[PDB]
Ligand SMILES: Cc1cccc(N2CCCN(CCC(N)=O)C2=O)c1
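Below, in structure tokens: the form deposited without this ligand, a single chain.
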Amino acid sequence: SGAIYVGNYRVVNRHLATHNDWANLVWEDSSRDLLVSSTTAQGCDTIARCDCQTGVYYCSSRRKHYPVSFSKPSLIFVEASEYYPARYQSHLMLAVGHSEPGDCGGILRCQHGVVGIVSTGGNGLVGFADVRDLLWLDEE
């Protein structure tokens, strides 16, 4: 579980979006496993605006923060999961680390701010859904 709170936007994993997120939808992309909804109150998370390939993510399944190197956002083949069919996930960054399904929503951060949220795991890899390209999260 977990989300990013920036301006009046709530960014979650699409496969974990609630009634209210769908009721208050702004943007979703199944291929990115992302959904942005609107929020009453204002958030304090800054979205990174950078091409950093080093960061730190929270792994709920280890109650541990791990420093990691991660590939640039790419179109990656992701083996089928409970919520998804085996498909090409877009804007996905891969690191070596531990990730189980419940690790989704775990934030990846660099010095510039929030880079992504855990979206994929398996075979000692962790996959993060990039949000740095969503320049529109910083305004309105």
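Throughout, we count residues from 1 along the sequence that is shown.
Omitted from view is the form deposited with this ligand bound, to which the following refers.
Inset, instruction - Decide open versus blocked for this chain after superposing the C-alphas round the site and placing this ligand the way it sits in the entry with it bound; the blocked call needs 3+ ligand atoms within 2.4 Å of backbone or C-beta. - result: This form leaves the site blocked.
Inset, instruction - State yes or no: in the entry with it bound, is some non-hydrogen atom of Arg87 no more than 4.5 angstroms from a non-hydrogen atom of this ligand? - result: Output for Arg87 is yes: heavy atoms within 4.5 Å of this ligand.
Inset, instruction - Please run the contact check for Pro101 against this ligand in the entry with it bound: heavy atoms, 4.5 angstroms, yes or no? - result: Answer yes; at least one heavy atom of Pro101 falls within 4.5 Å of this ligand in the entry with it bound.
Inset, instruction - Taking only heavy atoms into account, state which residues of 105-122 are within 4.5 Å of this ligand in the entry with it bound, ordered by sequence. - result: Result: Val118, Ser119, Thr120, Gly121, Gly122.
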